[PDB]
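K.L.:
input-v5.tsv (TSV, C-alpha atoms) pasted underneath:
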chain	number	residue	atom	x	y	z
A	2	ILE	CA	-10.72	-28.56	2.06
A	3	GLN	CA	-12.57	-31.02	4.33
A	4	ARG	CA	-12.88	-34.79	3.89
A	5	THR	CA	-15.77	-36.89	5.23
A	6	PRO	CA	-14.91	-39.95	7.36
A	7	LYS	CA	-15.32	-43.49	6.14
A	8	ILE	CA	-16.84	-45.55	8.95
A	9	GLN	CA	-16.58	-49.31	9.53
A	10	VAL	CA	-18.07	-51.18	12.50
A	11	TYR	CA	-16.88	-54.75	13.01
A	12	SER	CA	-15.58	-57.23	15.55
A	13	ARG	CA	-11.95	-58.17	16.07
A	14	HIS	CA	-12.87	-61.87	15.67
A	15	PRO	CA	-15.86	-63.46	13.91
A	16	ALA	CA	-18.80	-63.00	16.24
A	17	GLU	CA	-19.75	-66.01	18.37
A	18	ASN	CA	-22.63	-65.56	20.80
A	19	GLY	CA	-21.44	-65.72	24.40
A	20	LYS	CA	-17.74	-65.49	23.51
A	21	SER	CA	-15.75	-62.45	24.58
A	22	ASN	CA	-14.55	-60.31	21.69
A	23	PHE	CA	-13.81	-56.68	20.76
A	24	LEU	CA	-16.13	-54.24	19.01
A	25	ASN	CA	-14.36	-51.85	16.63
A	26	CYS	CA	-15.34	-48.58	15.00
A	27	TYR	CA	-12.70	-47.57	12.44
A	28	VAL	CA	-12.91	-43.99	11.13
A	29	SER	CA	-10.57	-43.00	8.31
A	30	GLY	CA	-10.08	-40.60	5.43
A	31	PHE	CA	-11.24	-37.50	7.35
A	32	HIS	CA	-9.92	-33.95	7.68
A	33	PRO	CA	-9.73	-31.96	9.89
A	34	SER	CA	-8.84	-34.21	12.81
A	35	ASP	CA	-11.53	-33.15	15.30
A	36	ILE	CA	-14.10	-35.97	15.42
A	37	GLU	CA	-16.49	-37.46	17.97
A	38	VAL	CA	-17.02	-41.23	18.10
A	39	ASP	CA	-19.25	-43.23	20.43
A	40	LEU	CA	-20.00	-46.95	20.54
A	41	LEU	CA	-23.62	-47.80	21.35
A	42	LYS	CA	-25.21	-50.86	22.94
A	43	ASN	CA	-28.98	-51.08	22.44
A	44	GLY	CA	-28.94	-47.34	21.70
A	45	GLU	CA	-27.01	-46.30	24.85
A	46	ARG	CA	-23.48	-44.93	24.90
A	47	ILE	CA	-20.90	-47.50	26.02
A	48	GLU	CA	-18.55	-46.30	28.76
A	49	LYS	CA	-14.79	-46.90	29.01
A	50	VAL	CA	-14.28	-47.16	25.23
A	51	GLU	CA	-10.63	-46.76	24.22
A	52	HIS	CA	-9.07	-45.48	21.04
A	53	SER	CA	-5.85	-45.53	19.07
A	54	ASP	CA	-3.47	-42.59	18.73
A	55	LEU	CA	-4.20	-40.05	15.98
A	56	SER	CA	-2.32	-40.90	12.79
A	57	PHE	CA	-2.69	-40.14	9.10
A	58	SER	CA	-2.22	-41.66	5.67
A	59	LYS	CA	-0.05	-40.70	2.71
A	60	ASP	CA	-2.84	-38.41	1.48
A	61	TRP	CA	-2.68	-36.60	4.90
A	62	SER	CA	-6.17	-37.80	5.96
A	63	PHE	CA	-6.57	-39.00	9.55
A	64	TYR	CA	-7.65	-42.37	10.91
A	65	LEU	CA	-8.63	-43.60	14.38
A	66	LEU	CA	-9.75	-46.91	15.90
A	67	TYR	CA	-12.31	-46.91	18.70
A	68	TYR	CA	-12.79	-50.21	20.51
A	69	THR	CA	-14.22	-51.91	23.59
A	70	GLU	CA	-14.36	-55.44	24.93
A	71	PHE	CA	-17.77	-57.04	24.51
A	72	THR	CA	-19.52	-60.39	24.56
A	73	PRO	CA	-22.02	-60.52	21.67
A	74	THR	CA	-25.41	-62.14	22.16
A	75	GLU	CA	-28.27	-63.00	19.84
A	76	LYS	CA	-30.32	-60.21	21.41
A	77	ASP	CA	-28.04	-57.15	21.72
A	78	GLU	CA	-27.64	-54.53	18.98
A	79	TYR	CA	-24.53	-52.36	18.60
A	80	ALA	CA	-23.63	-49.31	16.56
A	81	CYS	CA	-21.12	-46.50	16.11
A	82	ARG	CA	-22.15	-42.83	16.20
A	83	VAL	CA	-19.82	-40.32	14.55
A	84	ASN	CA	-19.91	-36.54	14.35
A	85	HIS	CA	-17.61	-34.43	12.18
A	86	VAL	CA	-17.73	-30.96	10.63
A	87	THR	CA	-18.45	-32.55	7.22
A	88	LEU	CA	-21.66	-34.18	8.53
A	89	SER	CA	-25.00	-32.35	8.67
A	90	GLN	CA	-25.97	-34.52	11.67
A	91	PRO	CA	-24.48	-37.47	13.58
A	92	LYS	CA	-24.08	-40.60	11.49
A	93	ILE	CA	-24.99	-43.92	13.11
A	94	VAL	CA	-23.61	-47.11	11.53
A	95	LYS	CA	-25.06	-50.34	12.84
A	96	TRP	CA	-22.91	-53.36	13.57
A	97	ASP	CA	-23.73	-56.00	10.96
A	98	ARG	CA	-21.96	-59.22	11.91
A	99	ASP	CA	-21.54	-59.85	8.16
B	1	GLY	CA	14.25	-42.37	17.62
B	2	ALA	CA	12.86	-39.03	16.48
B	3	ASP	CA	14.67	-36.29	14.50
B	4	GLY	CA	15.65	-33.90	17.29
B	5	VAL	CA	18.54	-31.63	16.29
B	6	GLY	CA	17.87	-28.07	15.28
B	7	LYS	CA	14.59	-26.14	15.12
B	8	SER	CA	12.51	-26.72	11.98
B	9	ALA	CA	10.21	-23.69	12.13
B	10	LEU	CA	8.31	-23.05	8.90
C	2	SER	CA	12.19	-53.93	2.80
C	3	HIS	CA	11.30	-51.98	5.96
C	4	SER	CA	10.53	-48.43	7.02
C	5	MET	CA	10.46	-46.17	10.06
C	6	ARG	CA	8.06	-43.23	9.84
C	7	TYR	CA	7.02	-40.41	12.15
C	8	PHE	CA	3.71	-38.55	11.87
C	9	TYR	CA	3.32	-35.14	13.58
C	10	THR	CA	0.04	-33.22	13.84
C	11	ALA	CA	-0.33	-29.72	15.30
C	12	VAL	CA	-3.76	-28.06	15.49
C	13	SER	CA	-4.52	-24.53	16.59
C	14	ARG	CA	-7.66	-23.68	18.54
C	15	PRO	CA	-7.97	-19.90	18.80
C	16	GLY	CA	-9.53	-18.84	22.09
C	17	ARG	CA	-9.14	-22.34	23.56
C	18	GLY	CA	-5.47	-22.56	24.50
C	19	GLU	CA	-2.23	-23.13	22.65
C	20	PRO	CA	-2.03	-25.59	19.75
C	21	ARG	CA	-2.12	-29.29	20.51
C	22	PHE	CA	0.80	-31.39	19.20
C	23	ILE	CA	0.56	-35.16	18.61
C	24	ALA	CA	3.35	-37.47	17.41
C	25	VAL	CA	3.24	-41.17	16.55
C	26	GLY	CA	6.04	-43.37	15.25
C	27	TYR	CA	5.86	-46.63	13.30
C	28	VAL	CA	8.12	-49.39	12.12
C	29	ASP	CA	6.40	-50.78	9.02
C	30	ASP	CA	2.77	-51.24	10.11
C	31	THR	CA	3.50	-51.39	13.87
C	32	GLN	CA	3.24	-48.31	16.09
C	33	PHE	CA	5.90	-48.03	18.81
C	34	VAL	CA	5.64	-44.52	20.31
C	35	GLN	CA	3.12	-41.75	21.03
C	36	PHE	CA	3.31	-38.23	22.40
C	37	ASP	CA	0.46	-35.82	23.21
C	38	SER	CA	1.18	-32.27	24.38
C	39	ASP	CA	-2.25	-32.09	26.06
C	40	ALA	CA	-1.63	-35.09	28.34
C	41	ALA	CA	-1.46	-34.27	32.05
C	42	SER	CA	2.28	-35.00	32.22
C	43	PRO	CA	3.34	-35.14	28.55
C	44	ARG	CA	5.93	-37.84	27.93
C	45	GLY	CA	6.98	-40.05	25.08
C	46	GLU	CA	5.07	-43.30	25.65
C	47	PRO	CA	5.89	-46.83	24.41
C	48	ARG	CA	3.36	-48.59	22.21
C	49	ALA	CA	5.38	-51.76	21.40
C	50	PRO	CA	7.20	-54.20	23.70
C	51	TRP	CA	10.54	-53.85	21.91
C	52	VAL	CA	10.90	-50.21	22.99
C	53	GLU	CA	9.55	-50.67	26.53
C	54	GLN	CA	12.93	-52.18	27.45
C	55	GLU	CA	14.88	-49.05	26.49
C	56	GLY	CA	16.46	-47.33	29.47
C	57	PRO	CA	15.41	-44.05	31.09
C	58	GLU	CA	17.93	-42.00	29.08
C	59	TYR	CA	16.29	-43.08	25.83
C	60	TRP	CA	12.82	-42.12	27.07
C	61	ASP	CA	13.96	-38.81	28.58
C	62	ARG	CA	15.68	-37.80	25.35
C	63	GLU	CA	12.68	-38.73	23.20
C	64	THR	CA	10.37	-36.80	25.53
C	65	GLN	CA	12.58	-33.73	25.30
C	66	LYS	CA	12.58	-33.96	21.47
C	67	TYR	CA	8.79	-33.99	21.35
C	68	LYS	CA	8.45	-31.12	23.83
C	69	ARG	CA	10.75	-28.97	21.69
C	70	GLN	CA	8.88	-29.95	18.55
C	71	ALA	CA	5.55	-28.98	20.09
C	72	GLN	CA	6.97	-25.55	20.95
C	73	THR	CA	8.39	-25.15	17.43
C	74	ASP	CA	5.08	-26.08	15.81
C	75	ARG	CA	3.34	-23.28	17.75
C	76	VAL	CA	5.59	-20.73	16.03
C	77	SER	CA	5.19	-22.49	12.68
C	78	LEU	CA	1.40	-22.18	12.90
C	79	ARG	CA	1.68	-18.46	13.68
C	80	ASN	CA	4.09	-17.92	10.78
C	81	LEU	CA	1.84	-19.82	8.36
C	82	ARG	CA	-1.29	-17.86	9.31
C	83	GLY	CA	0.71	-14.72	8.56
C	84	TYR	CA	2.06	-15.94	5.22
C	85	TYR	CA	-1.48	-16.72	4.04
C	86	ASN	CA	-3.15	-13.64	5.63
C	87	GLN	CA	-5.66	-15.90	7.37
C	88	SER	CA	-7.96	-14.63	10.07
C	89	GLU	CA	-6.97	-15.27	13.67
C	90	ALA	CA	-10.35	-16.89	14.43
C	91	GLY	CA	-9.80	-20.06	12.37
C	92	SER	CA	-8.35	-23.42	13.37
C	93	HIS	CA	-5.48	-24.69	11.21
C	94	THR	CA	-3.48	-27.91	10.94
C	95	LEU	CA	0.21	-28.54	10.30
C	96	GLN	CA	1.31	-32.09	9.52
C	97	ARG	CA	4.78	-33.58	9.09
C	98	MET	CA	5.78	-37.03	7.89
C	99	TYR	CA	9.40	-38.12	7.80
C	100	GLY	CA	11.41	-41.31	7.93
C	101	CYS	CA	13.55	-43.77	6.05
C	102	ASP	CA	12.90	-46.73	3.74
C	103	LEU	CA	15.45	-49.55	3.77
C	104	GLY	CA	15.90	-51.66	0.67
C	105	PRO	CA	16.24	-55.43	0.50
C	106	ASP	CA	20.00	-55.03	1.08
C	107	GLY	CA	19.31	-53.32	4.42
C	108	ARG	CA	20.63	-49.99	3.07
C	109	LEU	CA	18.88	-46.63	2.85
C	110	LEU	CA	16.58	-46.64	-0.18
C	111	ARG	CA	14.83	-43.28	0.27
C	112	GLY	CA	14.58	-40.66	3.00
C	113	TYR	CA	11.62	-38.33	3.25
C	114	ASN	CA	10.58	-35.21	5.14
C	115	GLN	CA	7.42	-33.47	3.99
C	116	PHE	CA	4.80	-31.10	5.32
C	117	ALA	CA	1.15	-30.29	4.75
C	118	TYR	CA	-0.87	-27.26	5.82
C	119	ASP	CA	-4.64	-27.67	6.22
C	120	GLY	CA	-4.30	-31.11	4.63
C	121	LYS	CA	-2.56	-29.92	1.45
C	122	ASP	CA	1.08	-30.40	0.41
C	123	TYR	CA	3.19	-27.46	1.60
C	124	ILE	CA	6.91	-28.33	1.27
C	125	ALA	CA	8.94	-31.52	0.90
C	126	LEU	CA	12.59	-32.50	0.97
C	127	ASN	CA	13.57	-33.86	-2.42
C	128	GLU	CA	14.92	-37.36	-2.92
C	129	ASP	CA	18.46	-35.94	-3.21
C	130	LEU	CA	18.09	-34.81	0.45
C	131	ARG	CA	19.65	-31.43	-0.51
C	132	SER	CA	16.84	-29.31	-2.04
C	133	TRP	CA	13.17	-28.54	-1.46
C	134	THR	CA	9.96	-28.56	-3.50
C	135	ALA	CA	7.55	-25.81	-2.41
C	136	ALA	CA	3.88	-26.23	-3.32
C	137	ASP	CA	2.88	-22.54	-3.44
C	138	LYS	CA	4.06	-18.96	-2.94
C	139	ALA	CA	3.83	-19.11	0.87
C	140	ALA	CA	5.95	-22.25	0.95
C	141	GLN	CA	8.61	-20.43	-1.08
C	142	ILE	CA	9.09	-18.22	2.00
C	143	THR	CA	9.81	-21.32	4.09
C	144	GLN	CA	12.02	-22.70	1.33
C	145	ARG	CA	14.16	-19.55	1.26
C	146	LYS	CA	14.39	-19.55	5.07
C	147	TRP	CA	15.46	-23.21	5.18
C	148	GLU	CA	17.94	-22.72	2.35
C	149	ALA	CA	19.49	-19.85	4.30
C	150	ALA	CA	19.60	-21.97	7.48
C	151	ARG	CA	21.07	-25.00	5.65
C	152	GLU	CA	18.15	-26.98	7.08
C	153	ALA	CA	18.46	-29.78	4.50
C	154	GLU	CA	21.95	-30.70	5.72
C	155	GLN	CA	20.58	-31.28	9.23
C	156	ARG	CA	17.67	-33.39	7.98
C	157	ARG	CA	19.93	-35.32	5.61
C	158	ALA	CA	22.24	-36.19	8.51
C	159	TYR	CA	19.29	-37.69	10.40
C	160	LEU	CA	17.74	-39.52	7.45
C	161	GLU	CA	21.00	-41.05	6.21
C	162	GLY	CA	22.51	-41.91	9.60
C	163	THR	CA	20.43	-41.74	12.78
C	164	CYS	CA	17.12	-42.87	11.23
C	165	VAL	CA	18.64	-45.99	9.66
C	166	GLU	CA	20.50	-46.93	12.85
C	167	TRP	CA	17.32	-46.68	14.92
C	168	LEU	CA	15.39	-48.75	12.37
C	169	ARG	CA	17.99	-51.52	12.35
C	170	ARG	CA	18.05	-51.54	16.16
C	171	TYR	CA	14.26	-51.84	16.33
C	172	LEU	CA	14.12	-54.57	13.65
C	173	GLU	CA	16.57	-56.65	15.68
C	174	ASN	CA	15.11	-56.05	19.16
C	175	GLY	CA	11.58	-56.47	17.86
C	176	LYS	CA	12.31	-59.21	15.35
C	177	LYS	CA	9.71	-61.64	16.69
C	178	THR	CA	7.08	-58.89	16.22
C	179	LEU	CA	8.40	-56.99	13.20
C	180	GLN	CA	10.04	-59.67	11.04
C	181	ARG	CA	7.13	-62.11	10.91
C	182	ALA	CA	4.31	-62.42	8.43
C	183	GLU	CA	0.91	-63.72	9.49
C	184	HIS	CA	-0.99	-65.10	6.53
C	185	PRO	CA	-4.69	-64.21	6.15
C	186	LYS	CA	-7.38	-66.66	7.20
C	187	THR	CA	-9.82	-66.56	4.32
C	188	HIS	CA	-13.45	-67.46	3.71
C	189	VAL	CA	-16.44	-66.61	1.55
C	190	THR	CA	-19.83	-65.60	2.91
C	191	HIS	CA	-23.11	-65.61	1.03
C	192	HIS	CA	-25.97	-63.16	1.54
C	193	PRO	CA	-29.17	-63.39	-0.54
C	194	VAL	CA	-30.34	-60.00	-1.79
C	195	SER	CA	-33.56	-61.49	-3.21
C	196	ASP	CA	-34.71	-64.76	-4.76
C	197	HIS	CA	-32.71	-63.69	-7.84
C	198	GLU	CA	-29.38	-62.28	-6.54
C	199	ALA	CA	-26.86	-62.81	-3.75
C	200	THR	CA	-23.71	-61.05	-2.66
C	201	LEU	CA	-20.55	-63.10	-2.23
C	202	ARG	CA	-18.09	-61.56	0.21
C	203	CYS	CA	-14.48	-62.73	0.28
C	204	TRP	CA	-12.79	-62.14	3.65
C	205	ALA	CA	-9.15	-61.92	4.69
C	206	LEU	CA	-8.59	-61.86	8.45
C	207	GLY	CA	-5.69	-61.77	10.85
C	208	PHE	CA	-2.90	-60.88	8.43
C	209	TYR	CA	0.33	-58.87	8.80
C	210	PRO	CA	1.73	-56.75	7.20
C	211	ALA	CA	-1.26	-54.76	5.90
C	212	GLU	CA	-0.47	-55.03	2.18
C	213	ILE	CA	-2.72	-57.56	0.45
C	214	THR	CA	-4.62	-58.14	-2.79
C	215	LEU	CA	-8.19	-59.50	-3.00
C	216	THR	CA	-9.86	-59.99	-6.37
C	217	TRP	CA	-13.05	-61.61	-7.64
C	218	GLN	CA	-12.95	-63.46	-10.95
C	219	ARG	CA	-15.79	-64.89	-12.98
C	220	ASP	CA	-15.13	-67.95	-15.16
C	221	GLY	CA	-11.55	-66.67	-15.17
C	222	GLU	CA	-12.12	-62.98	-16.00
C	223	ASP	CA	-11.58	-60.39	-13.28
C	224	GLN	CA	-14.47	-58.25	-11.98
C	225	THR	CA	-12.75	-54.99	-11.02
C	226	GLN	CA	-15.53	-52.62	-12.10
C	227	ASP	CA	-18.17	-54.59	-10.13
C	228	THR	CA	-16.24	-55.42	-6.93
C	229	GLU	CA	-17.02	-53.53	-3.72
C	230	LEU	CA	-13.76	-53.28	-1.75
C	231	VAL	CA	-13.42	-51.85	1.75
C	232	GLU	CA	-10.29	-50.19	3.03
C	233	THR	CA	-7.94	-52.46	4.96
C	234	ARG	CA	-8.75	-52.05	8.64
C	235	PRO	CA	-7.04	-52.86	11.94
C	236	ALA	CA	-8.31	-55.79	13.96
C	237	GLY	CA	-6.92	-54.03	17.03
C	238	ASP	CA	-4.41	-56.77	17.97
C	239	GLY	CA	-1.65	-55.75	15.55
C	240	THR	CA	-3.21	-57.54	12.56
C	241	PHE	CA	-5.44	-56.41	9.67
C	242	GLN	CA	-8.69	-57.32	7.88
C	243	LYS	CA	-10.19	-56.71	4.45
C	244	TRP	CA	-13.07	-57.91	2.34
C	245	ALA	CA	-14.20	-57.71	-1.27
C	246	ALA	CA	-17.74	-58.37	-2.49
C	247	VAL	CA	-19.71	-58.98	-5.67
C	248	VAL	CA	-23.44	-59.32	-6.38
C	249	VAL	CA	-24.17	-62.43	-8.42
C	250	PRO	CA	-27.15	-64.11	-10.11
C	251	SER	CA	-28.78	-66.78	-7.98
C	252	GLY	CA	-27.60	-70.17	-9.23
C	253	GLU	CA	-24.37	-68.80	-10.71
C	254	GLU	CA	-22.46	-68.45	-7.40
C	255	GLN	CA	-20.25	-71.41	-8.40
C	256	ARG	CA	-18.87	-69.48	-11.40
C	257	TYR	CA	-17.01	-66.96	-9.22
C	258	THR	CA	-13.63	-67.34	-7.54
C	259	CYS	CA	-11.88	-65.12	-5.01
C	260	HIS	CA	-8.11	-64.72	-5.22
C	261	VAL	CA	-5.90	-63.65	-2.32
C	262	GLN	CA	-2.24	-62.61	-2.48
C	263	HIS	CA	-0.20	-62.00	0.68
C	264	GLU	CA	3.49	-62.42	1.46
C	265	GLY	CA	2.60	-64.84	4.28
C	266	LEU	CA	0.74	-67.34	2.12
C	267	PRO	CA	2.62	-70.46	0.96
C	268	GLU	CA	0.85	-69.95	-2.39
C	269	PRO	CA	-1.96	-67.71	-3.69
C	270	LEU	CA	-5.38	-68.80	-2.46
C	271	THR	CA	-8.40	-69.42	-4.66
C	272	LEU	CA	-11.79	-69.68	-2.96
C	273	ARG	CA	-15.05	-70.79	-4.55
C	274	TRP	CA	-18.53	-70.82	-3.00
Write the structure described by the file as structure tokens, please.
P.N.:
Amino acid sequence: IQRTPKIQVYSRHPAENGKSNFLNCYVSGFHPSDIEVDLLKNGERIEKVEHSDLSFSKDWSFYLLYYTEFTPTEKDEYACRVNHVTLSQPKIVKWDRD
Amino acid sequence: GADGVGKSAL
Amino acid sequence: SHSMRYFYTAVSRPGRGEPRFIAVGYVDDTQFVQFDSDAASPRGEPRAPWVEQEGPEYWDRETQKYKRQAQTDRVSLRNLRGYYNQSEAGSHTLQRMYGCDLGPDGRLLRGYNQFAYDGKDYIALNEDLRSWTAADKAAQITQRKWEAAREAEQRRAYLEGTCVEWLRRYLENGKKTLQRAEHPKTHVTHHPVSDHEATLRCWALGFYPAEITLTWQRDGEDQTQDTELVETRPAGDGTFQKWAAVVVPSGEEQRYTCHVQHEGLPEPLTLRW
């Protein structure tokens, strides 16, 4: 039995233009554990993204945090792209500062 | 500190 | 109350090498150790400052434990595939969670040691720490094997003694990290959906530990069946975030209140747009 990931994209601190921050993509509730996660800036894959160590919840489903340092601006768009066996195609979730 | 004594093979 | 918990994951990959084994350990909501069998030089690695100061003997012994566990989980995965008559082409997952809960008196409240196969309960040590609950016929094979081996006695010795001693040591050495509470910083945001409706989103940011309650009320009555609630998420700096939202008639925003409960607050918060 497979479980589809829940995906949240958000910043570590409330977003202030020109202030350094961290961009997070939290994936949780999925099974099996194999999953692909990229952070995007203006549609392009961000390099040197880091992630937490694979863990799981009381219901045995996995969760992972992907993150990178970034300085948000008025102009730049960001997103998280996730692929998993439960998805018919990659799912892109846009960063909505709210 | 992890649980290391013995061999817990299913 | 406090807890120490270990989470093991082993995943087979037929045709692509031996199974990968991952272990992480937590005190309460704070990770302190990781191991990955696929790392270039696999070693137990610190993830919290209050274990980085342990000496080389501690880290060598932990590393050796994980290496043995990775090797044991390879045989467990082979055994399991056989019990279930599964094809050798498929990838399968074995998970283990074990650890100890301390009560308010600092004494062992409950020990646990349970297993899942392909994400489904397989076998668990009962609360008495002497007998097993098997979830299906295949797990009864493991139960009989562990009864014969007196496996529960070994796990009980860890859960009642070793596990508690480690937890108390970590709570003391990491007290500035582990024995604090950071209260949530809270605020309401307002997002028009149309001229006629708006969503009110109640935020809790920067709090530790992760347990928290957020609720929307309307003229005093709670709005459970109409509240959108996201799962509590890590900020990435050791603290957590959560929000709860309702969609409200334009001009009635003032009738709603958000209520936050967290052990770090000096009193429950009420927020009104």
K.L.:
Using all atoms listed in the file, which protein or nucleic acid residues come within 10 Å of residue 91 (chain C)? Drop anything in the same chain fewer than 6 positions from it, and give the result as a VMD selection string.
P.N.:
chain C and resid 13 to 16 82
K.L.:
May I have the residues within 9 Å of residue 215 (chain C) as a ChimeraX atom specification, using all atoms listed in the file and disregarding those fewer than 2 positions away in the same chain?
P.N.:
/C:203-205,213,217,230,243-245,259-262
K.L.:
What's the separation between CA of residue 15 (chain A) and CA of residue 95 (chain A), in Å to one decimal place?
P.N.:
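Between these atoms lies a distance of 16.1 Å.
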K.L.:
Distance CA of residue 170 (chain C)-CA of residue 58 (chain C), one decimal place?
P.N.:
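Going from CA of residue 170 (chain C) over to CA of residue 58 (chain C) covers 16.1 Å.
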K.L.:
Could you list, as a VMD selection string, the residues of chain B having an atom within 6 Å of chain C when counting all atoms listed in the file?
P.N.:
chain B and resid 1 4 9 to 10
